[PDB]
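There is one chain below, alone, in C-alpha coordinates, taken in the form deposited in one PDB entry.
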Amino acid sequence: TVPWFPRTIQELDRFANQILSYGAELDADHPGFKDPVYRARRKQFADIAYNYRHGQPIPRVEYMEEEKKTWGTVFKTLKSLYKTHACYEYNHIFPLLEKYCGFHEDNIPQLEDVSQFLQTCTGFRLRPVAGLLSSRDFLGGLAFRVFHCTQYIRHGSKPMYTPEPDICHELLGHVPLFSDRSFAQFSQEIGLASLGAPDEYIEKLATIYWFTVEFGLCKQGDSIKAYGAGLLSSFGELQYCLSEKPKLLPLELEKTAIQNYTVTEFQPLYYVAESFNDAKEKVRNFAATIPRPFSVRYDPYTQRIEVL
(Lines give C-alpha, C1' and ligand atoms only; values in the text may rest on other atoms or scores of the structure.)
Protein backbone atom coordinates (compact mmCIF):
# COMPACT_ATOMS: atom_id res chain seq x y z
CA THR A 1 0.00 0.00 0.00
CA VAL A 2 1.48 3.32 -1.25
CA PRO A 3 3.27 5.14 1.56
CA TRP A 4 1.56 8.31 2.79
CA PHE A 5 2.68 11.65 1.35
CA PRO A 6 1.50 15.24 1.87
CA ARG A 7 -1.01 16.52 -0.70
CA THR A 8 -1.09 20.20 0.36
CA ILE A 9 1.65 22.40 1.71
CA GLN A 10 0.11 22.55 5.23
CA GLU A 11 0.31 18.82 5.63
CA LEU A 12 4.06 19.25 5.92
CA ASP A 13 3.18 20.07 9.54
CA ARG A 14 2.85 16.35 10.20
CA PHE A 15 6.63 15.86 9.87
CA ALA A 16 7.35 17.31 13.31
CA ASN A 17 6.02 14.17 14.98
CA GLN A 18 8.31 12.01 12.88
CA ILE A 19 11.85 13.15 13.48
CA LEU A 20 14.67 11.30 15.25
CA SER A 21 14.10 12.49 18.87
CA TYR A 22 17.64 11.73 20.02
CA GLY A 23 19.93 14.22 18.37
CA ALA A 24 23.64 14.20 17.70
CA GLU A 25 24.37 16.68 20.49
CA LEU A 26 23.52 13.85 22.86
CA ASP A 27 26.47 11.69 21.69
CA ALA A 28 29.64 11.59 23.71
CA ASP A 29 31.84 12.74 20.88
CA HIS A 30 29.78 15.76 19.82
CA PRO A 31 31.94 18.89 20.32
CA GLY A 32 29.35 20.34 22.76
CA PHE A 33 28.43 17.18 24.61
CA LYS A 34 29.90 18.27 27.94
CA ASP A 35 28.62 21.85 27.62
CA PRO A 36 25.30 22.17 29.50
CA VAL A 37 24.60 25.69 28.19
CA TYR A 38 25.00 24.40 24.62
CA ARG A 39 22.74 21.44 25.39
CA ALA A 40 20.02 23.81 26.68
CA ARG A 41 20.43 26.18 23.74
CA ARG A 42 19.94 23.19 21.34
CA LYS A 43 16.73 22.19 23.17
CA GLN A 44 15.57 25.74 22.89
CA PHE A 45 15.96 25.67 19.09
CA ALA A 46 14.26 22.24 18.90
CA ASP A 47 11.19 23.55 20.77
CA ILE A 48 10.90 26.41 18.29
CA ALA A 49 10.99 23.98 15.38
CA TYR A 50 8.54 21.63 17.09
CA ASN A 51 5.84 24.28 17.58
CA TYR A 52 6.21 25.94 14.22
CA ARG A 53 3.23 25.57 11.88
CA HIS A 54 2.93 26.40 8.19
CA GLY A 55 1.96 30.00 7.56
CA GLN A 56 3.55 31.47 10.70
CA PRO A 57 6.49 33.80 10.42
CA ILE A 58 9.60 31.93 11.66
CA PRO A 59 10.49 33.12 15.18
CA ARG A 60 13.40 35.56 15.40
CA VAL A 61 16.13 34.68 17.90
CA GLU A 62 18.77 36.76 19.59
CA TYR A 63 22.06 34.97 19.15
CA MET A 64 24.67 35.23 21.90
CA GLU A 65 28.03 36.97 21.40
CA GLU A 66 29.76 33.58 21.38
CA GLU A 67 27.50 32.23 18.64
CA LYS A 68 28.05 35.39 16.53
CA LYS A 69 31.83 34.93 16.93
CA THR A 70 31.61 31.35 15.56
CA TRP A 71 29.53 32.51 12.59
CA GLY A 72 32.03 35.32 11.88
CA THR A 73 34.98 32.98 11.85
CA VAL A 74 33.30 30.59 9.38
CA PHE A 75 31.99 33.37 7.14
CA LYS A 76 35.32 35.16 6.85
CA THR A 77 37.32 32.06 6.14
CA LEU A 78 34.95 30.67 3.46
CA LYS A 79 34.21 33.96 1.68
CA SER A 80 37.77 34.14 0.42
CA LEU A 81 37.17 31.07 -1.83
CA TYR A 82 33.87 31.91 -3.53
CA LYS A 83 34.95 34.16 -6.37
CA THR A 84 37.29 31.46 -7.68
CA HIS A 85 35.58 28.16 -6.61
CA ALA A 86 31.84 28.70 -6.47
CA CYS A 87 29.59 28.63 -9.50
CA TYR A 88 28.34 31.72 -11.29
CA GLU A 89 24.82 31.46 -9.78
CA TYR A 90 26.31 31.60 -6.25
CA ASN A 91 28.46 34.67 -6.86
CA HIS A 92 25.71 36.48 -8.74
CA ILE A 93 23.29 36.33 -5.82
CA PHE A 94 25.68 36.71 -2.82
CA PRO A 95 25.95 40.55 -2.98
CA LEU A 96 22.13 40.73 -2.76
CA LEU A 97 22.22 38.50 0.32
CA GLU A 98 24.81 40.81 1.95
CA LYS A 99 22.61 43.78 1.08
CA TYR A 100 19.09 42.57 1.93
CA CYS A 101 19.49 39.67 4.34
CA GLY A 102 22.29 40.89 6.50
CA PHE A 103 24.94 38.32 5.47
CA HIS A 104 27.94 39.92 7.20
CA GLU A 105 30.60 38.71 9.59
CA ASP A 106 28.99 40.42 12.56
CA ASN A 107 25.47 39.31 12.19
CA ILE A 108 23.70 35.98 11.89
CA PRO A 109 20.84 36.37 9.35
CA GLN A 110 17.33 35.56 10.72
CA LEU A 111 15.50 32.71 8.84
CA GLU A 112 12.29 34.72 8.34
CA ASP A 113 14.14 37.42 6.40
CA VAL A 114 15.95 34.79 4.36
CA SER A 115 12.69 32.92 3.67
CA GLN A 116 10.96 36.11 2.41
CA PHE A 117 13.93 36.84 0.07
CA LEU A 118 13.81 33.27 -1.34
CA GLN A 119 10.04 33.58 -1.81
CA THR A 120 10.60 36.65 -3.95
CA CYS A 121 13.22 34.97 -6.13
CA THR A 122 11.73 31.52 -6.79
CA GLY A 123 8.90 30.83 -4.38
CA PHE A 124 11.14 28.68 -2.16
CA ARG A 125 10.59 29.01 1.54
CA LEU A 126 12.23 27.76 4.70
CA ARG A 127 10.88 26.09 7.80
CA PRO A 128 12.91 25.42 10.99
CA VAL A 129 13.57 21.81 11.69
CA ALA A 130 14.09 20.11 15.02
CA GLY A 131 16.32 17.11 14.40
CA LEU A 132 16.76 14.61 11.58
CA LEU A 133 13.93 14.04 9.21
CA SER A 134 13.66 10.77 7.41
CA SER A 135 14.79 10.93 3.78
CA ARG A 136 11.25 10.50 2.56
CA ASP A 137 9.96 13.52 4.53
CA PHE A 138 12.94 15.66 3.81
CA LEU A 139 12.76 15.12 -0.02
CA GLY A 140 8.94 15.40 0.09
CA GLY A 141 9.15 19.03 1.26
CA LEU A 142 11.16 19.90 -1.85
CA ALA A 143 8.06 19.02 -3.96
CA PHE A 144 6.38 22.17 -2.51
CA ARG A 145 9.57 24.23 -2.80
CA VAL A 146 9.96 24.02 0.96
CA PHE A 147 13.45 23.53 2.47
CA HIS A 148 13.76 22.20 6.08
CA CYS A 149 16.48 24.33 7.65
CA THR A 150 18.41 24.15 10.93
CA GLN A 151 18.44 27.34 13.01
CA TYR A 152 21.05 26.41 15.61
CA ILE A 153 24.82 26.90 15.26
CA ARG A 154 27.75 24.43 15.80
CA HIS A 155 29.66 24.47 19.10
CA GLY A 156 32.19 27.32 19.27
CA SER A 157 35.06 25.08 20.38
CA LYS A 158 35.61 23.91 16.79
CA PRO A 159 34.32 26.62 14.46
CA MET A 160 35.64 24.99 11.29
CA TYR A 161 34.03 21.66 12.12
CA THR A 162 30.52 20.29 12.31
CA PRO A 163 29.24 16.67 12.31
CA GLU A 164 25.77 17.81 11.29
CA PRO A 165 24.19 20.56 9.28
CA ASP A 166 23.96 23.78 11.30
CA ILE A 167 22.98 27.31 10.32
CA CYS A 168 26.37 28.18 8.71
CA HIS A 169 25.96 25.22 6.39
CA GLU A 170 22.32 26.02 5.54
CA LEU A 171 22.92 29.76 4.80
CA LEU A 172 26.35 29.70 3.12
CA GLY A 173 25.83 26.33 1.42
CA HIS A 174 22.15 25.85 0.37
CA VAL A 175 20.44 29.15 0.43
CA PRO A 176 22.26 30.96 -2.34
CA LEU A 177 21.46 28.19 -4.90
CA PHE A 178 17.76 28.09 -3.96
CA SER A 179 17.59 31.66 -5.31
CA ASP A 180 18.33 30.46 -8.82
CA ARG A 181 15.27 29.58 -10.91
CA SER A 182 16.76 26.57 -12.72
CA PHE A 183 18.28 25.14 -9.54
CA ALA A 184 14.89 25.59 -7.82
CA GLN A 185 13.13 23.66 -10.58
CA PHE A 186 15.77 20.92 -10.47
CA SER A 187 15.54 20.41 -6.71
CA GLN A 188 11.70 20.39 -6.92
CA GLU A 189 11.81 17.49 -9.49
CA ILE A 190 13.76 15.41 -6.97
CA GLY A 191 10.99 16.17 -4.50
CA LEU A 192 8.22 15.24 -6.94
CA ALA A 193 9.94 11.98 -7.86
CA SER A 194 9.97 11.00 -4.21
CA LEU A 195 6.26 11.29 -3.48
CA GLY A 196 4.80 7.88 -2.78
CA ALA A 197 7.93 6.13 -4.09
CA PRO A 198 8.95 2.75 -2.55
CA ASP A 199 11.55 2.90 0.27
CA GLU A 200 14.34 1.43 -1.87
CA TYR A 201 13.86 4.24 -4.41
CA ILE A 202 13.79 6.93 -1.78
CA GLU A 203 17.36 5.76 -0.91
CA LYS A 204 18.33 6.10 -4.58
CA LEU A 205 16.92 9.64 -4.72
CA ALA A 206 18.68 10.39 -1.41
CA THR A 207 21.95 9.25 -3.06
CA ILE A 208 21.28 11.40 -6.14
CA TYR A 209 20.56 14.37 -3.78
CA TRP A 210 23.86 13.77 -1.97
CA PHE A 211 25.83 13.80 -5.27
CA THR A 212 24.12 16.96 -6.63
CA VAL A 213 22.54 19.29 -4.01
CA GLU A 214 25.20 18.42 -1.37
CA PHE A 215 28.32 17.56 -3.35
CA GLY A 216 27.73 18.54 -6.93
CA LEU A 217 30.23 20.00 -9.39
CA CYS A 218 28.96 21.72 -12.59
CA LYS A 219 30.39 22.75 -15.99
CA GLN A 220 30.68 26.52 -16.56
CA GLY A 221 32.33 27.84 -19.71
CA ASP A 222 35.18 25.44 -20.19
CA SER A 223 35.75 25.34 -16.46
CA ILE A 224 34.34 23.33 -13.52
CA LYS A 225 32.75 24.93 -10.40
CA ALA A 226 31.19 23.78 -7.07
CA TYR A 227 27.50 24.19 -6.42
CA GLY A 228 27.03 21.45 -3.76
CA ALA A 229 26.09 22.86 -0.37
CA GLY A 230 28.45 20.54 1.50
CA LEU A 231 31.34 21.79 -0.61
CA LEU A 232 30.38 25.44 -0.33
CA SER A 233 30.30 25.30 3.49
CA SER A 234 33.48 23.28 3.89
CA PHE A 235 36.78 25.18 3.64
CA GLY A 236 38.92 22.19 3.09
CA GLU A 237 36.84 20.13 0.77
CA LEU A 238 36.01 23.22 -1.38
CA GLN A 239 39.71 23.64 -2.29
CA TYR A 240 40.23 19.92 -2.60
CA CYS A 241 37.32 19.27 -5.03
CA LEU A 242 38.81 21.50 -7.77
CA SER A 243 42.37 20.15 -7.44
CA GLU A 244 43.76 17.19 -9.38
CA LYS A 245 43.09 14.70 -6.58
CA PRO A 246 39.38 13.57 -6.86
CA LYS A 247 37.99 11.44 -9.68
CA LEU A 248 35.40 13.28 -11.77
CA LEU A 249 32.57 11.44 -13.61
CA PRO A 250 29.71 12.82 -15.72
CA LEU A 251 26.36 12.85 -13.96
CA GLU A 252 24.49 9.65 -15.13
CA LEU A 253 21.63 8.89 -12.77
CA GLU A 254 21.64 5.12 -13.27
CA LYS A 255 25.20 5.07 -11.96
CA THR A 256 24.97 7.94 -9.51
CA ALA A 257 21.91 6.40 -7.81
CA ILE A 258 23.85 3.38 -6.59
CA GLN A 259 27.21 4.95 -5.82
CA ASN A 260 28.45 4.50 -2.26
CA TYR A 261 29.75 7.43 -0.31
CA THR A 262 31.31 8.14 3.07
CA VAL A 263 30.07 10.95 5.24
CA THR A 264 33.28 11.32 7.18
CA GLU A 265 36.13 12.14 4.80
CA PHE A 266 36.51 14.15 1.63
CA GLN A 267 34.71 12.55 -1.32
CA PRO A 268 36.97 10.26 -3.54
CA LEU A 269 34.75 11.17 -6.49
CA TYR A 270 32.20 13.75 -7.70
CA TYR A 271 29.64 13.90 -10.46
CA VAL A 272 29.73 16.83 -12.86
CA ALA A 273 26.37 18.25 -14.06
CA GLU A 274 26.21 19.94 -17.55
CA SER A 275 23.77 22.48 -16.13
CA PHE A 276 20.88 22.50 -13.68
CA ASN A 277 18.34 22.31 -16.56
CA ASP A 278 20.02 19.22 -17.87
CA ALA A 279 20.19 17.66 -14.40
CA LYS A 280 16.48 18.50 -14.04
CA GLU A 281 15.67 16.63 -17.26
CA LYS A 282 17.61 13.56 -16.12
CA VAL A 283 15.80 13.41 -12.79
CA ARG A 284 12.49 13.61 -14.61
CA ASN A 285 13.45 10.73 -16.91
CA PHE A 286 14.72 8.72 -14.00
CA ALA A 287 11.50 9.42 -12.12
CA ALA A 288 9.54 7.71 -14.90
CA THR A 289 11.26 4.45 -14.00
CA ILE A 290 10.05 4.54 -10.43
CA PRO A 291 7.24 2.07 -9.89
CA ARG A 292 4.32 4.29 -8.78
CA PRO A 293 0.67 3.55 -9.58
CA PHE A 294 0.22 7.20 -10.42
CA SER A 295 1.69 10.47 -11.57
CA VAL A 296 1.98 13.78 -9.66
CA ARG A 297 1.70 17.48 -10.47
CA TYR A 298 2.31 20.45 -8.26
CA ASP A 299 -0.22 23.28 -8.71
CA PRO A 300 1.58 26.42 -7.53
CA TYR A 301 -1.74 28.35 -7.62
CA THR A 302 -3.38 26.32 -4.79
CA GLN A 303 -0.23 24.71 -3.36
CA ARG A 304 -1.55 21.19 -3.78
CA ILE A 305 -0.24 18.07 -5.42
CA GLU A 306 -2.58 16.69 -8.13
CA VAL A 307 -2.55 12.91 -8.47
CA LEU A 308 -3.07 11.51 -11.96
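Here the rigid core means the biggest group of C-alpha atoms that line up within 1.5 Å when the two forms are laid on top of each other. Residue numbers run from 1 along the displayed sequence.
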query	finding
Greater mean Cα temperature factor according to the PDB record, 137 to 145 or 157 to 165	157 to 165
Between 260 to 268 and 36 to 44 (mean CA B-factor, as deposited), the higher	260 to 268
Largest Cα B-factor, entry values, listed residues 111, 130, 217, 175	130
Residue with highest C-alpha B-factor in the PDB entry, from 203, 237, 222, 89	222
Residue 96, C-alpha B-factor rank within chain (lowest, middle or highest third)	highest
CA B-factor placement of residue 117, once the chain's modelled residues are sorted into thirds	middle
Assigned third (lowest, middle, highest) for the C-alpha B factor of residue 80	middle
Residue 70 - Cα temperature factor, lowest/middle/highest third of chain	lowest
Third of the chain, ranked by Cα B-factor, where residue 241 sits	lowest
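If you look for the form deposited in another entry, you will not find it shown, but the lines that follow are about it.
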{"property": "After fitting the core, residue 14 CA displacement of 2 Å or more between the shown form and the other one", "result": "no"}
{"property": "Residue 76 C-alpha shift between the shown form and the other one of 2 Å or more, rigid core reference", "result": "no"}
{"property": "Yes/no, residue 220 Cα shift of 2 Å or more between the shown form and the other one with rigid core fixed", "result": "yes"}
{"property": "In the other form, shift in Cα separation for residue 128 relative to residue 28, 3 Å or more", "result": "farther"}
{"property": "Residue pair residue 124, residue 276 - Cα distance in the other form, closer or farther (3 Å or more)", "result": "farther"}
